[PDB]
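Data block below; observations after.
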Amino acid sequence: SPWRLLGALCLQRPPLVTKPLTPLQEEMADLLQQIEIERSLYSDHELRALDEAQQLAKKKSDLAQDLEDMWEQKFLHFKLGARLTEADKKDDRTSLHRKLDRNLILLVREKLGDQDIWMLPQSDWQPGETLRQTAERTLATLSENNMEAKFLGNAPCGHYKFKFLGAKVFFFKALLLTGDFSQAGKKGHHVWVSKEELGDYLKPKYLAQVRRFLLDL
Amino acid sequence: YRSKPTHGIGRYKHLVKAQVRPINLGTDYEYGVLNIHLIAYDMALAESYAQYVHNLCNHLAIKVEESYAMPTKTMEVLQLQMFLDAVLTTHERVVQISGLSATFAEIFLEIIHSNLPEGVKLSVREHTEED
Amino acid sequence: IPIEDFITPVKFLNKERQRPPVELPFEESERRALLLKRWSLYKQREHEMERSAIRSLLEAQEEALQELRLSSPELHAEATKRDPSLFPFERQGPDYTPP
Amino acid sequence: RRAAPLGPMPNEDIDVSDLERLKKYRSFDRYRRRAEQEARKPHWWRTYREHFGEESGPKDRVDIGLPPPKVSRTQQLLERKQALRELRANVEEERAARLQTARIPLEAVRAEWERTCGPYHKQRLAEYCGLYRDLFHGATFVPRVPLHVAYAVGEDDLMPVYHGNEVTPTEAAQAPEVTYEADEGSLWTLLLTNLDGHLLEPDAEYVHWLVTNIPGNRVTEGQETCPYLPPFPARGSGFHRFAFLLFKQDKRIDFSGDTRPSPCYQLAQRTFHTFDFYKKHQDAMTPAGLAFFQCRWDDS
């Protein structure tokens with residue numbers, strides 16, 4: 001009973017920008033905005049708006065507006081970073097900067113002698129090396145990058161057997177903190193992929209059930 | 001009555017009991033007293049995700065002991081260009097979960113970080129804290 | 001020395017005369033009622049989809065753990081301890097505008 | 001000296017180790033429910049039910065019925081599901097329900113109660129006033145056929161006799177009218193008995209009004225045996241109960257032993273046991289409808 005031990009690691013890119021709302025969540029947001037402005041007792045800007053507005057008319061027959069103006073023009077003076085840094089490029093599925101709203105995962109192309117392999121990153125783990133250690137080592141090595149990767153625990157995510165011999169693919173979770181990628185134009189073909197892309201780009205069934213422990217969001 | 005076959009029908013107090021250490025055994029790993037610090041800027045927002053964490057934790061069969069609110073840190077920010085004074089308010093809630101295992105941790109973390117609201121900060125620690 | 005912020009501020013005492021009035025038509029009232037009921041339904045569905053998600057996840061976890069334990073026991077010895085990495089975990093929520 | 005507990009000990013089943021992981025009764029109400037659930041089960045120790053006369057407890061019923069109406073369930077289930085779909089999806093009913101304005105159409109409820117569930121309520125209401133013990137003595141008949149008995153108190157005024165209602169001897173000074181529905185192949189026998197109030201013989205009753213051989217709904221056309229006698233309770237003894245019974249007969253039956261003189265004022269002439277009567281005609285007679293009223297002394 002020979003066991004060929006192969007680790008594998010699911011790479012998690014943290015979602016950066018917030019996602020937009022469903023039409024219903026919009027309607028609900030409206031409702032809550034209205035009711036929350038309703039239950040609200042006085043305001044400083046509003047006390048000093050209304051009391052002053054009513055006192056000035058009384059001084060004439062016998063501020064809030066300036067604030068509003070300054071606020072409006074100062075809000076218009078401020079230019080904000082675009083939410084879509086991906087669909088303007090629209091092409092790179094290989095860019096790490098691509099999807100700000102979603103979670104992304106790393107994927108590589110490998111053609112070996114007897115096999116055409118599309119690899120969600122795969123590590124060959126020596127029985128002496130801990131699953132952990134091999135995961136991390138192959139991670140930092142293969143991508144040729146400086147990666148601060150926050151791993152959740154010493155517990156492995158999912159396990160898959162391609163049996164000839166018998167051989168195991170052990171999957172793990174890495175939450176990426178700060179990537180520093182050396183030579184983005186190096187020939188190893190790596191793809192930065194969302195959920196919808198992970199569905200399509202994954203040929204094997206071992207990976208097709210790796211999208212099963214995927215976190216949808 | 002002691003002699004009768006029915007002695008102790010009335011017996012109750014063992015049913016309701018009216019009267020720390022993490023356990024790492026290497027297989028069954030019980031990590032006691034995990035402290036979760038939610039640091040958020042909005043009272044409504046902090047309440048929302050605190051409440052959500054607690055609510056979920058109840059469903060997960062994970063024990064929650066003490067959910068309390070830590071003292072508000074008010075940072076008065078002097079804006080230096082001419083002076084501007086904007087009073088600001090940081091809010092902190094605490095959810096203390098008394099027990100956990102490695103696998104339910106793995107699970108827990110996902111739901112936590114994924115469901116994080118906009119402008120919500122998370123800190124997981126151990127029970128030694130002082131107030 | 002615990003002091004919570006749950007206290008209603010003394011500043012808000014006499015300022016209370018600003019926002020008394022509320023009146024609703026049957027149109028707005030019904031508009032909010034319908035949206036409310038629809039909301040409760042919606043949430044009940046959504047919790048179910050997330051619970052389904054995490055449950056399926058943990059089922060994948062079970063398959064995993066069982067396979068890895070049965071094949072190699074050294075891995076049931078390795079993987080079951082929760083490592084020192086989880087102690088100082090800091091995650092920060094999504095922003096509105098990126099860098 | 002300890003004895004050995006006999007079978008189950010009430011809390012034995014729950015695991016006291018690690019009390020935190022057992023679910024709790026958060027509600028006083030849940031506790032209440034579980035409590036009554038327990039109080040209804042037959043425990044192996046001396047209990048309240050045992051000493052307080054549960055009316056024999058378990059009894060194996062002699063059921064003389066009119067056989068249970070034959071129905072296919074899938075049809076009912078589907079038609080009901082659809083009726084619910086039609087009823088719920090209407091915005092009228094939702095708008096009306098939210099604002100607390102709706103009315104339930106009592107007459108239609110009476111129609112459905114009559115059609116389905118009512119005949120079962122009849123059984124236990126008769127059981128309540130013990131219309132079984134004194135008449136059929138062990139036996140339960142389920143009241144399959146609807147029976148409407150009514151006394152005319154004026155030109156425009158109709159007094160209904162519902163099972164269990166209180167009526168005055170004044171309104172019972174006249175003969176009643178009866179409504180139930182059958183085509184004509186039909187053969188019927190109707191009876192009005194006074195179940196208590198027999199002065200000489202505690203276990204005997206007074207047949208008041210007895211009718212035989214009735215086609216369909218025609219009461220005037222049935223041969224009458226005992227002409228109608230107004231209820232004659234005693235000033236002291238309160239609240240007698242009067243039973244209206246219906247029987248189906250197969251072949252027209254004539255019985256001379258039961259025949260009474262036409263004016264028939266004498267009391268000893270009317271002496272009755274539903275038991276013996278039903279023994280006589282048993283094979284041809286199946287008990288059908290039941291309606292009873294409770295009456296106490298009055299000026300008349």
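In the structure tokens, chains take the letters A, B, ... in the order shown, each chain's residues start at 1, and ligands count up from 1 in the order shown.
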Set the distance at 12 Å and use only C-alpha atoms: which residues neighbour residue 122 in chain B once local chain neighbours fewer than 3 positions away are removed? I'd like the list as an NGL selection string. (:B and (35-41 or 46 or 49-50 or 53 or 92-95 or 109 or 112-119 or 125)) or (:C and (88-94))
Hey, can you spit out that residue selection with N, CA and C atoms as a compact mmCIF listing (two decimals), in the first residue's frame?
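Saved result, part-v8.txt, follows:
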# COMPACT_ATOMS: atom_id res chain seq x y z
N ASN B 35 -11.53 35.17 23.36
CA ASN B 35 -12.14 36.48 23.46
C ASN B 35 -12.19 37.16 22.09
N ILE B 36 -13.39 37.54 21.65
CA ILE B 36 -13.56 38.23 20.37
C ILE B 36 -13.86 39.71 20.56
N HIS B 37 -12.95 40.55 20.06
CA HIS B 37 -13.09 41.99 20.16
C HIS B 37 -13.60 42.59 18.86
N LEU B 38 -14.83 43.08 18.86
CA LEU B 38 -15.35 43.79 17.71
C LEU B 38 -15.14 45.28 17.91
N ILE B 39 -14.25 45.86 17.10
CA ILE B 39 -14.02 47.29 17.14
C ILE B 39 -14.58 47.95 15.88
N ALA B 40 -15.70 48.63 16.04
CA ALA B 40 -16.39 49.26 14.93
C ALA B 40 -16.65 50.71 15.28
N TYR B 41 -16.83 51.54 14.26
CA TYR B 41 -17.03 52.97 14.49
C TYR B 41 -18.45 53.41 14.82
N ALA B 46 -21.76 48.42 15.20
CA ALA B 46 -21.17 47.58 16.24
C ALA B 46 -22.23 46.67 16.88
N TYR B 49 -23.27 43.81 14.23
CA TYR B 49 -22.43 42.64 14.03
C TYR B 49 -22.15 41.90 15.34
N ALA B 50 -22.16 42.62 16.46
CA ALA B 50 -22.05 41.96 17.76
C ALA B 50 -23.22 41.00 17.93
N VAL B 53 -22.96 38.00 15.62
CA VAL B 53 -22.00 37.03 16.13
C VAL B 53 -22.62 36.18 17.23
N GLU B 92 -16.62 49.46 21.24
CA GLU B 92 -16.11 48.10 21.32
C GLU B 92 -17.08 47.18 22.04
N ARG B 93 -17.33 46.02 21.45
CA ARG B 93 -18.15 45.01 22.08
C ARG B 93 -17.31 43.76 22.24
N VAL B 94 -17.66 42.92 23.20
CA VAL B 94 -16.88 41.73 23.46
C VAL B 94 -17.81 40.51 23.48
N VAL B 95 -17.44 39.49 22.72
CA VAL B 95 -18.14 38.21 22.78
C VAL B 95 -17.15 37.13 23.23
N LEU B 109 -14.11 30.86 11.60
CA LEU B 109 -13.36 31.95 10.99
C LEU B 109 -13.93 32.40 9.64
N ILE B 112 -17.23 34.26 10.06
CA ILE B 112 -16.86 35.55 10.66
C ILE B 112 -16.36 36.55 9.61
N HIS B 113 -15.19 36.29 9.05
CA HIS B 113 -14.52 37.28 8.19
C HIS B 113 -15.33 37.58 6.92
N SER B 114 -16.00 36.55 6.38
CA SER B 114 -16.84 36.70 5.19
C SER B 114 -18.00 37.67 5.41
N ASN B 115 -18.66 37.52 6.55
CA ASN B 115 -19.87 38.28 6.83
C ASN B 115 -19.59 39.61 7.50
N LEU B 116 -18.31 39.95 7.63
CA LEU B 116 -17.93 41.25 8.16
C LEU B 116 -18.59 42.38 7.40
N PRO B 117 -19.20 43.32 8.13
CA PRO B 117 -19.77 44.55 7.57
C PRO B 117 -18.70 45.56 7.16
N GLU B 118 -19.11 46.56 6.38
CA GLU B 118 -18.24 47.65 5.95
C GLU B 118 -17.77 48.50 7.13
N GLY B 119 -16.46 48.68 7.26
CA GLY B 119 -15.91 49.42 8.38
C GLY B 119 -16.06 48.71 9.72
N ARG B 125 -8.66 36.93 20.65
CA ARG B 125 -7.64 36.87 21.69
C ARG B 125 -7.93 35.77 22.71
N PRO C 88 -3.18 35.57 17.64
CA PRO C 88 -3.26 36.99 17.31
C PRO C 88 -3.94 37.28 15.96
N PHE C 89 -5.20 36.87 15.80
CA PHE C 89 -5.91 37.08 14.53
C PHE C 89 -6.60 38.44 14.45
N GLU C 90 -6.24 39.20 13.42
CA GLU C 90 -6.83 40.50 13.18
C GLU C 90 -7.31 40.63 11.74
N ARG C 91 -8.62 40.75 11.58
CA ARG C 91 -9.22 40.90 10.27
C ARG C 91 -9.95 42.24 10.20
N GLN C 92 -9.78 42.97 9.11
CA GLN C 92 -10.46 44.25 8.97
C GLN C 92 -11.44 44.23 7.81
N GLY C 93 -12.65 44.72 8.09
CA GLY C 93 -13.75 44.68 7.14
C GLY C 93 -13.51 45.46 5.87
N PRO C 94 -14.35 45.20 4.85
CA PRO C 94 -14.22 45.82 3.53
C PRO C 94 -14.42 47.33 3.59
With a distance cut-off of 10 Å and only C-alpha atoms, select the neighbouring residues of residue 57 in chain B, excluding the residue or stretch itself and same-chain residues fewer than 6 positions from it, and output the selection as a PyMOL selection string. chain B and resi 51+63-64+95+97+108
Suppose you want the space between CA of residue 248 in chain D and CA of residue 123 in chain D; what is it in Å? 18.3 Å
Within 9 Å of chain B, which residues of chain C are there when counting only C-alpha atoms? Please give them as a count of residues only. 28
Once you count only C-alpha atoms, which residues of chain B turn out to be within 10 Å of chain D? Could you give them as number ranges by chain? B: 1-12, 14-17, 61-63
Find the residues of chain A in contact range of chain B, meaning any atom within 9 Å when counting only C-alpha atoms, and list them as a ChimeraX atom specification. /A:14-15,17-18,152-157,173,215,217
Nearest residue to residue 290 in chain D out of D:255, D:113, D:278, D:247, using only C-alpha atoms? D:247
Residue set, chain B restricted to alpha helix (DSSP H), as a PDB file with C-alpha atoms, in the first residue's frame:
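Printed below is states_30.pdb as written:
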ATOM      1  CA  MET B  43     -23.000  52.259  17.480  1.00  0.00           C
ATOM      2  CA  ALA B  44     -25.664  50.816  15.194  1.00  0.00           C
ATOM      3  CA  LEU B  45     -23.040  48.914  13.197  1.00  0.00           C
ATOM      4  CA  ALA B  46     -21.170  47.584  16.239  1.00  0.00           C
ATOM      5  CA  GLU B  47     -24.500  46.484  17.772  1.00  0.00           C
ATOM      6  CA  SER B  48     -25.448  44.853  14.462  1.00  0.00           C
ATOM      7  CA  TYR B  49     -22.425  42.644  14.026  1.00  0.00           C
ATOM      8  CA  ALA B  50     -22.045  41.962  17.761  1.00  0.00           C
ATOM      9  CA  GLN B  51     -25.659  40.802  17.865  1.00  0.00           C
ATOM     10  CA  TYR B  52     -25.064  38.783  14.723  1.00  0.00           C
ATOM     11  CA  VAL B  53     -22.001  37.028  16.134  1.00  0.00           C
ATOM     12  CA  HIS B  54     -23.831  36.161  19.337  1.00  0.00           C
ATOM     13  CA  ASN B  55     -26.914  35.008  17.397  1.00  0.00           C
ATOM     14  CA  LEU B  56     -24.878  32.706  15.168  1.00  0.00           C
ATOM     15  CA  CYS B  57     -22.845  31.368  18.100  1.00  0.00           C
ATOM     16  CA  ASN B  58     -26.088  30.348  19.780  1.00  0.00           C
ATOM     17  CA  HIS B  59     -27.111  28.296  16.747  1.00  0.00           C
ATOM     18  CA  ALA B 102      -9.763  23.162  15.835  1.00  0.00           C
ATOM     19  CA  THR B 103     -12.331  22.135  13.197  1.00  0.00           C
ATOM     20  CA  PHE B 104     -15.146  24.368  14.494  1.00  0.00           C
ATOM     21  CA  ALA B 105     -12.480  27.131  14.525  1.00  0.00           C
ATOM     22  CA  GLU B 106     -11.722  26.495  10.867  1.00  0.00           C
ATOM     23  CA  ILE B 107     -15.465  26.720  10.176  1.00  0.00           C
ATOM     24  CA  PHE B 108     -16.007  29.691  12.514  1.00  0.00           C
ATOM     25  CA  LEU B 109     -13.357  31.948  10.987  1.00  0.00           C
ATOM     26  CA  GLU B 110     -14.859  31.721   7.477  1.00  0.00           C
ATOM     27  CA  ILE B 111     -18.363  32.825   8.493  1.00  0.00           C
ATOM     28  CA  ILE B 112     -16.860  35.546  10.655  1.00  0.00           C
ATOM     29  CA  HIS B 113     -14.522  37.276   8.191  1.00  0.00           C
ATOM     30  CA  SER B 114     -16.841  36.704   5.191  1.00  0.00           C
TER      31      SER B 114
END
Interatomic distance, CA of residue 22 in chain B to CA of residue 98 in chain B (Å, one decimal): 9.2 Å
I'd like the neighbourhood of residue 178 in chain A as a PDB file with N, CA, C and O atoms, in the first residue's frame, where a residue qualifies if any of its atoms comes within 9 Å (using only C-alpha atoms), though same-chain residues fewer than 6 positions away should be ignored.
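Ended up saving to selection_39.pdb:
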ATOM      1  N   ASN A 146       6.886  37.370  -2.322  1.00  0.00           N
ATOM      2  CA  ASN A 146       6.884  37.524  -0.873  1.00  0.00           C
ATOM      3  C   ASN A 146       5.448  37.619  -0.399  1.00  0.00           C
ATOM      4  O   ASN A 146       4.772  38.625  -0.614  1.00  0.00           O
ATOM      5  N   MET A 147       4.986  36.572   0.266  1.00  0.00           N
ATOM      6  CA  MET A 147       3.602  36.525   0.687  1.00  0.00           C
ATOM      7  C   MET A 147       3.512  36.371   2.192  1.00  0.00           C
ATOM      8  O   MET A 147       4.085  35.449   2.779  1.00  0.00           O
ATOM      9  N   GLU A 148       2.798  37.296   2.819  1.00  0.00           N
ATOM     10  CA  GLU A 148       2.436  37.115   4.209  1.00  0.00           C
ATOM     11  C   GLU A 148       1.077  36.436   4.185  1.00  0.00           C
ATOM     12  O   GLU A 148       0.068  37.046   3.832  1.00  0.00           O
ATOM     13  N   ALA A 149       1.066  35.160   4.549  1.00  0.00           N
ATOM     14  CA  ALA A 149      -0.142  34.358   4.467  1.00  0.00           C
ATOM     15  C   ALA A 149      -0.569  33.937   5.864  1.00  0.00           C
ATOM     16  O   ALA A 149       0.165  33.244   6.577  1.00  0.00           O
TER      17      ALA A 149
END
